[PDB]
Amino acid sequence: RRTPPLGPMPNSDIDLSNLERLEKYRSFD
Amino acid sequence: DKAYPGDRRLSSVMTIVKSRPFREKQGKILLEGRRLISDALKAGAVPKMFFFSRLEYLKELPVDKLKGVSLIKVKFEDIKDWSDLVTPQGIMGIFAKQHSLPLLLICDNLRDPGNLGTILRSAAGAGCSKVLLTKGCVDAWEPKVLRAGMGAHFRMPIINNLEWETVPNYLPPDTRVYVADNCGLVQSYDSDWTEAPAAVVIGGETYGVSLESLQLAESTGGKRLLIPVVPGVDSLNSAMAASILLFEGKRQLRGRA
Amino acid sequence: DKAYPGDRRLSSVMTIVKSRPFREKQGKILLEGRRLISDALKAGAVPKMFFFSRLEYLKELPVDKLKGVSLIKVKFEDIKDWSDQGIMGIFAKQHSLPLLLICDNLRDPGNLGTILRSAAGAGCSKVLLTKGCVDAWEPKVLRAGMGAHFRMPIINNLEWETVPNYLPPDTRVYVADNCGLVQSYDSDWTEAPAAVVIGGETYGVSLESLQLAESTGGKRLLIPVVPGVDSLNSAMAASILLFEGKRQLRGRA
Amino acid sequence: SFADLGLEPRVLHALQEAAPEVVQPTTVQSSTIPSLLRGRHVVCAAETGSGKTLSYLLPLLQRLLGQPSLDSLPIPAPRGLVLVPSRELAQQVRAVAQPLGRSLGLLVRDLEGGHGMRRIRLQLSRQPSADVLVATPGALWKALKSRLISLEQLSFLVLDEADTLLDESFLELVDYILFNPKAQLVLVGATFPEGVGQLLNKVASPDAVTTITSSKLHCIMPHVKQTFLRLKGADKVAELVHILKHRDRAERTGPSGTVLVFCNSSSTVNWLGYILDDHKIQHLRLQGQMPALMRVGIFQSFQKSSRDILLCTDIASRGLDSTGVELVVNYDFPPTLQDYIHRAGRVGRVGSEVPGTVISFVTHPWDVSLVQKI
RNA sequence: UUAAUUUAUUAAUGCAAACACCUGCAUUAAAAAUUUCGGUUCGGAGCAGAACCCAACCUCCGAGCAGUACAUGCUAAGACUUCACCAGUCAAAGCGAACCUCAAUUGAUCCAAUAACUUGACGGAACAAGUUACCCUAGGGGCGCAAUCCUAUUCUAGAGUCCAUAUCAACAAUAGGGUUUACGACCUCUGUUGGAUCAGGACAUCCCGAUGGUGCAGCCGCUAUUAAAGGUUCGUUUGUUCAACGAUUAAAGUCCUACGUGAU
Ligand SMILES: [Mg+2]
Ligand SMILES: [Mg+2]
């Protein structure tokens, strides 16, 4: 079998078609 | 470049190499081998086309050997199908089809490529200066013939367009014609073939010598020369007999009797 | 005539003829060809089994040549697998100043058979070969030999060691090579016994045997080549040497 | 069918290119493909060359479509991995993967021992990182020990010849390869011996199993005719030569006489091959003792079917998907009945459609195999 | 028995031992003896000009190395265990510190040496033919006729596009082949290469027909399409469909037909 996450999986919505269009964590803070 | 083995030029080359009547009708012969092509160019043959595989075309030395002939690049399958040998020679040429006391050897009738090549190698070893054979349809650049000659057949002064009719005209000079057969006894070492010029006529191993040539050998001032067979075997290979006769002639011209 | 194309006679014949190691394991040779079988029967080869093809038995002349062999009428497939030959015969596989022709190392079977026929013609009293890797029961060697090897004193297990022990008599070991110049006719191999060594075509002449030929009282003998060819045929050179030796023992020098 | 799997336009176009050999998914392929597309870690035993590799790859392609390219950063390892026990099987798998990935974005690579590690650890091979990588365990272990590859970046693992990967020589290297444990694991094979399956249970948690055909000893294919050798070994090779004479009829009609010979020992294979090449047979021999370049050339020739007679050692018994496989001779009967059945399924690998001939020699050690022949 | 293996025993040799005879050791045989004949090589530049790869019996420099070392600390719980030990390993807390060069310079197991450390050129089961239509014990299952095949077929039901009667055909039915089964014991104890023959099929046409381009002025050609209506020889060597030889032809094309056709 295969257990996926019960709730919303992390990093799911912020992917989108254009991954390079993300703002990205430029600062470590 | 020729990559497709079904090309019309490749098919024509295969038909010319496989069929000697095609070589006679087209007036062209194919010689496989860089050394064979060099020997043909040195002997006076004019090449009309040069075939270079993917290996010999990279050398550019065989490309220099064309001397204005048509050079075509050949694939591996095209070279394998075109060449009559299992190993296709990288450089091939499609071309148009005596010393003092010289050794002249005349080979009548059909002869196998292996026997002809062995005779050529033995004659090159002995140093025969003249070879006459059957008519122009016989090609000495065939892969069986070239492989049997071990490069000596390309290196020997052999005339392939001599034919049975013009051979008496090509050897009408002061050379004692002798018949070499098992029923000839004079002996082979008991002949004057070394103190004077000799035009040796020998038939095929399974074809035999013509009775007209045997009569003409006695007619031309020579005598029938036989090999003394100490054993019980009536006849050996014709190439071995030719090698023994050439060795006896070379020894007797080297001061022996 | 056998009903199966894979007949046990046909299978055994194809195994012995096609594989010369299988011929050595079986200890048999194949006389292939009516002229070759006639030459072998005249040369002293005794066949053990006979195969007569579809058109060979129609003439039945070769059926007269049997005189007690195991005669099996040979059909299509046995002849075809035996073709490498319709008259097929499965046969069993030092004098004063002795003449020995020694072929060092292994060699091709057709050239070996041609050399065997040449040595039979010359009349050499001994034929010497390499070790157990040299095979005289090869059907190609029998075909090119014209059955003469049965009549010649040929031993293929003599090897590089025991053959020198087999020739410990006063035989002038002569070195025959392209770099030997003494000459071949300039040797005393006919006025005295000689041990003429001829190297393999693909292996050459061993340096130990070349040194031992000069050591054992002989000299390096070379064939003079007027032409541009670097080496002649080994069988042709051996035939030339045997003819020169026979001539010089027949009153020449 | 295949459209029930929701194939991509590249995947659908490649499946249409696989026609007429693929007009719909096989029943075993139907059972395997979408369950793998459900992401469940499972093992499937079925017919060899039955499109099971394609069934695993299509769900793998769908899963890789749901994976981001940000994990494809330089220096890291692949997310989609495949394992094969032989360099030839890995090469065939890589060749099959490169055809499907020509119209896709997945990079397909192969790794095996005995080859050029400079090309294996090349900057566009190891460091640039690929989507699909089929690797032998030895080369992968050498890369991991030398830090030329990683194991935390994997997300979809495929174990081809998993029973052969469960070999005692092969289990330790696989366990050393075993690494994120949350990746989707799929194993493929022809049959599952029990003593290895519980070994999978050493690293398993609620998996699944997909079995095909008869649940009993599925020894006889309905499209393969089999014979029993009622003769001693001494003339059997000669009988094989007689069979070669029978194969001579197969050489006559143009109906393809590609013959694969089973030999247990590489030196015995060499002796038999020297005999056959002596017997004027166009035979090529592949073995674990063969040179790697020589083995590669022989495998390419067999892929082109250049040598109608080819002998194979214990390295080349199973997993073969060879076109035009019409003649299969167990010159040596396999020491395992599973191995004999796997060699049998190696021929006629186009499916239930392409026919072939099977002949197996019988020796004294194989006498107990006669009951296995029952 | 030329399955395998010996060789107790002879017979030869040869070598020993003793001065032709005896004994011992090897080899060879003859003869024996023991046991088998199963079941259902590696790198840098170009060819390869801008993520990979790329080819040549490709174009040039190179390599079987050389030089330089051997906190890489101590202490200390708790674990793994070479299936014993020995030998080996992992590692938490504490004390004391930080916070190889090369350009390639190399190869693999296996058998070696070495007590070992170390040094040498991608899966590795102990082995034995064929017959018993003589084996032996023990286990498992002409004459009589045509009941059957039988054919100059009647009624025509019916198929046969229509049309029972071009042809076929069932039910019953005039009957009477001695070729098949017994009934009675009548005179009694899945064959095979050529070839001969006959050839059928395909064009992927060797020639001929019709064309297009041509490095086609014309004659000869080449290429490509269409065309199976037609043919594609004779002999020599060799039993080989191939190959060499001569005369040829407008051409001497190829294969398939159980690599066609032997129930002669
Ligand atoms: Mg259990
Ligand atoms: Mg059960």
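Just so you know, the numbers here start at 1 and follow the chain as drawn.
Every residue, even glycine, has its Cβ placed from backbone N, Cα and C.
Marked as S-adenosyl-L-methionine binding site by Swiss-Prot on the basis of similarity to another entry: C:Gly199, C:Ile223, C:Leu232. DSSP classifies C:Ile223 (S-adenosyl-L-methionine binding site) as coil under the three-state reduction. In sequence order, C:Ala176, C:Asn178, C:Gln183, C:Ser184, C:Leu232, C:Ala237, C:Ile240, C:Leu241 make up the list of same-chain residues 6 or more apart from C:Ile223 (S-adenosyl-L-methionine binding site) whose Cβ falls under 8 Å from its Cβ.
Other Cβ atoms within 10 Å of the Cβ of C:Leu232 (S-adenosyl-L-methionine binding site) number 23 in total over all chains. Sequence-distant neighbours of C:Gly199 (S-adenosyl-L-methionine binding site) (same chain, 6+ apart, CB under 8 A from its CB) are C:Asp104, C:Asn105, C:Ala176, C:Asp177, C:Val205, C:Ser206, C:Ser209, C:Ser234.
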